[PDB]
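Respectively, the protein sequence lines represent chains A and B. Counting in this note's numbering, the first sequence runs from 1 upward without gaps. Counting in this note's numbering, the second sequence runs from 1 upward without gaps. Even for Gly, the Cβ is constructed at its ideal location relative to N, Cα and C. Below you'll find the structure, written out as structure tokens, and then a few comments.
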Amino acid sequence: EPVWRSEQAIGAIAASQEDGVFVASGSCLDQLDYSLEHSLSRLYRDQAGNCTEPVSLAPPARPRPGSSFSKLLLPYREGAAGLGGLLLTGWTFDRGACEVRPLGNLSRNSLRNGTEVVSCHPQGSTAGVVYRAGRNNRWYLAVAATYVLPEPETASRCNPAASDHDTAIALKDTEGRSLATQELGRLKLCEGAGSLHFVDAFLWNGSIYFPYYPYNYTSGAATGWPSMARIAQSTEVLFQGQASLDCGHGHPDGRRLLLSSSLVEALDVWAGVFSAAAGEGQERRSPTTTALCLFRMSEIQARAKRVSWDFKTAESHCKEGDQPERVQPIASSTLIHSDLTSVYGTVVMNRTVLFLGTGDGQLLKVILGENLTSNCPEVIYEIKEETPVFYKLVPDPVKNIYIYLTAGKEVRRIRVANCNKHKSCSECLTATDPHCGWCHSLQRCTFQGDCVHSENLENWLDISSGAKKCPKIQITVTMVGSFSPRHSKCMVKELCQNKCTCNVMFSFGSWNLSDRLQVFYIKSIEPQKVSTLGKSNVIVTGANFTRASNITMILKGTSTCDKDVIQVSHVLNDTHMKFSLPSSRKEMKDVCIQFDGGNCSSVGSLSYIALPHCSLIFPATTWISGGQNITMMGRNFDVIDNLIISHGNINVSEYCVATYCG
Amino acid sequence: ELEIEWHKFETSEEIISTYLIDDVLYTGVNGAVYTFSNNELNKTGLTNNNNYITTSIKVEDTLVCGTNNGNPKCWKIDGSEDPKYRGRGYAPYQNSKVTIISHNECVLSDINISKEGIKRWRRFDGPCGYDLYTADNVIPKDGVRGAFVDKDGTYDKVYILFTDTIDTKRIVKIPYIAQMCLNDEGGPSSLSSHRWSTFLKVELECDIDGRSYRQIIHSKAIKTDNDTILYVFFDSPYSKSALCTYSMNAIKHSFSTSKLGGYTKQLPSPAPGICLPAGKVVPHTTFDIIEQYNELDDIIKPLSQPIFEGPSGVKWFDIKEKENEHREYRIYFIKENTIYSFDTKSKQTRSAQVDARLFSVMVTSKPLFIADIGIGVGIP
Ligand SMILES: *[C@@H]1O[C@H](CO)[C@@H](O)[C@H](O)[C@H]1NC(C)=O
Ligand SMILES: *[C@@H]1O[C@H](CO)[C@@H](O)[C@H](O)[C@H]1NC(C)=O
Ligand SMILES: *[C@@H]1O[C@H](CO)[C@@H](O)[C@H](O)[C@H]1NC(C)=O
Ligand SMILES: *[C@@H]1O[C@H](CO)[C@@H](O)[C@H](O)[C@H]1NC(C)=O
Ligand SMILES: *[C@@H]1O[C@H](CO)[C@@H](O)[C@H](O)[C@H]1NC(C)=O
Ligand SMILES: *[C@@H]1O[C@H](CO)[C@@H](O)[C@H](O)[C@H]1NC(C)=O
Ligand SMILES: *[C@@H]1O[C@H](CO)[C@@H](O)[C@H](O)[C@H]1NC(C)=O
Ligand SMILES: *[C@@H]1O[C@H](CO)[C@@H](O)[C@H](O)[C@H]1NC(C)=O
Ligand SMILES: *[C@@H]1O[C@H](CO)[C@@H](O)[C@H](O)[C@H]1NC(C)=O
């Protein structure tokens, strides 16, 4: 579990093919070894040595877009014949400057500089992608950014000249001097929808896609549909279309923010994390605000019509024509969730794996089924501090069993599969985790690379074989499944045979096996913050709570995981009843209550909560007489049942709220 | 008085452009291109779908570009295909009036580059550098009316005359001349990297009796000993037109010394309009200023003479210095049907009727008049 802690919150991160992991934290950009141990090199962009943020950036509401100083950071040309890879880094400083540089020792000279490449507004969006274009296949860089923000102070003037005022997408050239944009190599803007916030940029099928959404940086609320702008992969902007993405299913007003994106490459499926406006941090945080939606790139590629809705076209006026078609996600896969923050999709052994990062420091992965149906996500790793996961996950390029989880100001390298809990075959093969397979020589559920040391490949049994294909005893007794060796010895109790041989035992050269209608009113429900371990006693207040035999409570947290259905513990006064909730995963579950028969009565949200970890004890020492209100600061204290003072135990009161208590 | 002999085409072919390339007349018409030299009218067909030939510039060979049916495309002189496949900013998407000049090998033009048609003034790729374009709304939708290249002592500069249409409380037309550095490198930034960084402009002024003329028709800069003299022809919505003359030396001095209109502070060290040594790039402060306030707080007043007023609706005008005297010209300006000559010395205007739909007057050694009938050549 190797961690690399920066000093200022991470602004960007990329992972080169063979030159380490670049992390742009504050004013400085570091490069590290893939083990995240030693900063091999470091660049200072603002001032030498001192790489504190020149100004202060407010980390806003988790749905609201963040802010940083390192807009662009992407490596390219790597893995070339002899040419060392390049790294293109663009910062807010110097009017949104961008320098090409050699991918490697950071303290080498920037090859080509360039100004006004990326948005020079710390909270402005920017997303870039390089590609091959031109008659000689130069390396171009398509950058979509929020260049003009209506927050210019007379001190410094970021916003570019009045000609480039409404510029959204520009096709820079990485060879020309200062990364020159052609005249036609830029995509204009319609000035009505407020600003646009671009989330991503990726290539697919000879085109560049920019997932964005309209946005009011002053207000903080989306002002339209999350959309995707599709551009021809050429040297001059050829606007090929724009399509809105309709992932507001399961929520009243819809989900109109796009929090993160990822293109599942070998599957031709885009995967986006949408969210609705969650008030101020967490006030309208519902059990269904965020949703992972999967779209077929073919449908977006086909449904995107060149309409002048957000971008100026040469054939219409702003919003004086058609409205962009709304593309519907792959319905069998959408995963609703109270707090989702980032997504990263990949394909391993012909199975889609979508890692997701939640707004409470969880990295949990889902494995899509046969018709891209989502399974209930397994929680891989949990951040002890519940910091919201940074919206980009990067897979380790040199060891495909790792992924670089970024959170706040800390990066770490975590494996993509927690397969040490599986102890048998079935546990290792019914879970259908593509990364994990059973290993006979070790007799353990492990990755492939960790057990293909014996050259007979069938030693490491994977899922494509099927869960039934592990060795078992068959009755005239024999071994079934896929064993590693063809020579074994059977012994029953008490006939023995040898080899493919014939209490029961089959021993091999490296392992072994052995086996011998009235109204119903709900005032409220308390508490509303149950710890993860469940709560034995949840009091529902209301009326007429005795005019019913079979009263049930149904909690639903994740649109893929099943529902918690429970019966009332002991029906108290016709105004009060009591339930007992079991253990679960950190979540914010919706609670309906359905009486003897009828529709669910949605009493309200109810959030499981991480266990209370104890940060600090304010006085930390008091007189043996005591009586001083020791204050304890921590996280998730509101769910505390009570306290113990062990030395003999002493019961003592508590006066607490969420974060601290005395 | 004027006797013109007529080398006419086989049919009345709608004229679309006329150019002088090394004393050879290149008349771009619909379909073919005509080539006049030594009283020889060699017609060369290229295509005939729409193909309004409009450009006949000279870079290395005198390539000729037209608009084949909403697709602009060039050719070598004799119908051959262009090796470099030029043709985007070289011919308009539809029949229009263009302004395209060619210095040594460096084509500058206002021709529309795309279908929609935002008007800009561009230098295309070649020995000067990569393409360049003026910021938007700088060039009026009417286009650039005249363009010519002149030394600034050491650096070539490009001058263009247009007529802006300002509209604040009432619509006022304003004639402008604008200077740019032929070898400009573009602005400093990445967005403003293909934009002219040395573009400046002043108002001209052609007032005679309190009647100020403001609509440029056509310009021509004659090169003389001490300097070059710029002849502009203004039209008016009233019933008059006026030829004025300006001293390019006065204009250059005004560009170098005058102050930017609306900008009150101190101009930076590489003064805005000033050309820079090869490879140098305008700083960012100079460029921000030169893009915000690109007009000098000045107005070029014409020379003393020849200012004169002729009819309204003149279409072309070309100069021919008299062989006997010197600095005394005959200005042949042409209307839709009627030729007019004007002698700068005698200040008398002669006229003459011609039954044709005239298009232009060119002057190589004898005024040849390009009308839809064909070409004519004049002797008085
Ligand atoms: C680093 O630079 C920032 C610039 O805003 C300044 O506020 C800070 O005090 C500097 N810190 C050091 C240690 O120089
Ligand atoms: C990077 O280059 C500098 C320049 O001399 C050198 O001092 C440093 O050791 C180099 N570091 C690496 C990791 O190459
Ligand atoms: C910016 O560009 C100039 C021009 O070459 C160069 O001198 C300077 O080093 C560049 N700045 C950076 C930080 O690379
Ligand atoms: C929304 O955006 C518009 C245009 O950017 C701005 O004028 C308005 O103030 C914004 N909303 C609020 C509540 O300020
Ligand atoms: C790739 O683009 C072409 C261009 O029209 C399109 O016909 C084709 O369907 C696209 N590929 C897929 C898989 O949709
Ligand atoms: C019912 O009993 C519970 C305790 O079992 C008590 O808290 C509640 O106030 C009582 N309500 C009524 C209406 O008697
Ligand atoms: C010292 O006393 C202060 C008084 O509030 C307290 O905040 C702090 O936690 C104590 N311990 C220290 C400073 O180590
Ligand atoms: C101790 O402090 C907490 C808050 O700091 C307060 O709520 C509590 O009542 C205090 N206890 C005493 C005995 O003052
Ligand atoms: C005109 O065409 C004739 C026909 O061959 C040719 O001999 C003559 O040289 C041409 N003249 C010019 C100026 O093209």
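Tell me which residues share the same chain as residue 51 of chain A and place their Cβ nearer than 7 Å to its Cβ, disregarding the 5 neighbours each side in the sequence. Contacts found: 26, 27, 28, 44.
Residue 17 of chain A - DSSP class collapsed to helix/strand/coil: Coil, per DSSP.
Check the Cβ of residue 183 of chain A against every Cβ in chain B and list those closer than 8 Å, keeping chain order. Ordered by position in chain B, the residues that pass the 8 Å Cβ test against residue 183 of chain A are 113, 120, 122, 131, 133, 194.
Give, in chain order, every unbroken run of the beta strand (DSSP E) that is at least 3 residues long and sits entirely within the segment 606-651 of chain A. DSSP runs (the beta strand (DSSP E)) wholly in the segment 606-651 of chain A: 614-617, 632-634.
Measure the C-alpha to C-alpha separation of residue 528 of chain A and residue 268 of chain A and round it to an integer number of angstroms. Taking the straight line joining both Cα atoms gives about 41 Å.
Alpha-carbon spacing of residue 147 of chain B relative to residue 38 of chain B, whole angstroms: If I take the Cα positions, the gap works out to 28 Å.
Residues in its own chain within less than 6 Å of residue 42 of chain B by CB, not counting five upstream and five downstream? Cβ neighbours of residue 42 of chain B within its own chain (closer than 6 Å, five residues either side excluded): 35.
When the distance is taken between beta carbons, is residue 382 of chain A closer than 9 Å to residue 361 of chain A? Yes, the Cβ-Cβ distance between residue 361 of chain A and residue 382 of chain A is below 9 Å.
What residues from the segment 185-219 of chain B come within 9 Å of chain A, judged by C-beta to C-beta, listed N to C? Cβ contacts with chain A: 185, 186, 187, 188, 189, 190, 191, 192, 193, 194, 195.
Using a Cβ cut-off of 8 Å, pull out every chain B residue sitting near residue 116 of chain A, in sequence order please. Per Cβ cutoff of 8 Å: 189, 190, 191, 192.
Looking at the C-beta of residue 70 of chain A, does it have a partner C-beta in chain C at a distance below 9 Å? No chain C is part of this structure, whose protein chains are labelled A and B.
The beta strand (DSSP E) with residue 181 of chain A in it runs from where to where? Residue 181 of chain A -> beta strand (DSSP E) spans 181-188.
Less than 9 Å between CB atoms is the rule here; does residue 116 of chain B satisfy it with respect to chain A? Yes, its Cβ sits closer than 9 Å to a Cβ of chain A.
Less than 8 Å separating the Cβ of residue 574 of chain A from some heavy atom of ligand 6? Checking the Cβ of residue 574 of chain A against ligand 6 gives yes.
In the DSSP output, what is residue 214 of chain A paired with across the bridge? Looking at the DSSP assignment, residue 214 of chain A forms a beta bridge with A:196.
Within this structure, are the beta carbons of residue 612 of chain A and residue 640 of chain A separated by less than 9 Å? A contact, by the Cβ cut-off of 9 Å.
Quick one: grab the DSSP three-state call for residue 126 of chain A. Of the three classes helix, strand and coil, the one that applies to residue 126 of chain A here is strand, per DSSP.
Determine the chain A residues that contact residue 136 of chain B at a beta-carbon separation under 9 Å, and present them in chain order. Chain A residues near residue 136 of chain B: 162, 163.
Where the segment 273-302 of chain B meets chain A: residues whose CB sits under 9 Å from a CB there: Those residues of the segment 273-302 of chain B that come within reach of chain A (Cβ to Cβ, closer than 9 Å) are 281, 284, 287, 288, 291, 292.
Could you pull the DSSP bridge partners for residue 594 of chain A from this structure? DSSP output for residue 594 of chain A lists A:552 as bridge partner(s).
Chain-ordered list of residues that sit, by beta carbon, closer than 6 Å to a heavy atom of ligand 3: Those residues, listed in chain order, are A:99, A:110, A:113.
So, with DSSP's three-state summary, where would you put residue 381 of chain B? With chain B covering 1 to 380 only, the question about residue 381 of chain B has no answer from this structure.
If we define contact as Cβ-Cβ less than 9 Å, is residue 319 of chain A a contact residue for chain B? Chain B has no Cβ within less than 9 Å of the Cβ of residue 319 of chain A.
Would you say residue 149 of chain A reaches chain B, if we count a Cβ-Cβ gap shorter than 9 Å as a contact? Taking Cβ atoms only, chain B never reaches closer than 9 Å to residue 149 of chain A, which makes this a no.
Report, in whole angstroms, the separation of the C-beta atoms of residue 70 of chain B and residue 54 of chain B, which I expect to be a contact under 8 Å. Not really, about 13 Å apart at Cβ, beyond 8 Å.
Output, in chain order, the set of chain B residues within a Cβ distance shorter than 7 Å of residue 170 of chain A. Residues of chain B passing the Cβ test: 191.
CA-CA distance, residue 56 of chain A and residue 68 of chain A? Taking the straight line joining both Cα atoms gives about 10 Å.
Run the proximity test for residue 150 of chain A: is its beta-carbon closer than 8 Å to any non-hydrogen atom belonging to ligand 4? Checking the Cβ of residue 150 of chain A against ligand 4 gives yes.
What first and last residue would you give for the alpha helix (DSSP H) that runs through residue 94 of chain A? Here the alpha helix (DSSP H) through residue 94 of chain A covers 93-96.
Residue 315 of chain A CB to nearest chain B CB: under 9 Å? Cβ-Cβ to chain B under 9 Å: yes for residue 315 of chain A.
Under 9 Å, do residue 201 of chain A and residue 266 of chain A count as touching if we go by C-beta distance? Against a cut-off of 9 Å, the Cβ pair of residue 266 of chain A and residue 201 of chain A comes out as no contact.
Go to residue 359 of chain B, then tell me how far its alpha helix (DSSP H) extends in each direction, as first and last residue. Where residue 359 of chain B is concerned, there is no enclosing alpha helix (DSSP H), although the beta strand (DSSP E) around it starts and stops at 358-363.
Since residue 178 of chain B sits in a beta bridge, which residues does DSSP pair it with? B:160, B:201.
Residues that residue 179 of chain A contacts on chain B, provided the C-beta gap is smaller than 8 Å: Simply 190, 193.
Residue 303 of chain A in three-state terms, based on DSSP: Secondary structure of residue 303 of chain A (DSSP, three-state): helix.
Can you pull the chain B residues whose beta carbon is under 7 Å from the beta carbon of residue 42 of chain A, in chain order? Simply none; closest approach about 26 Å.
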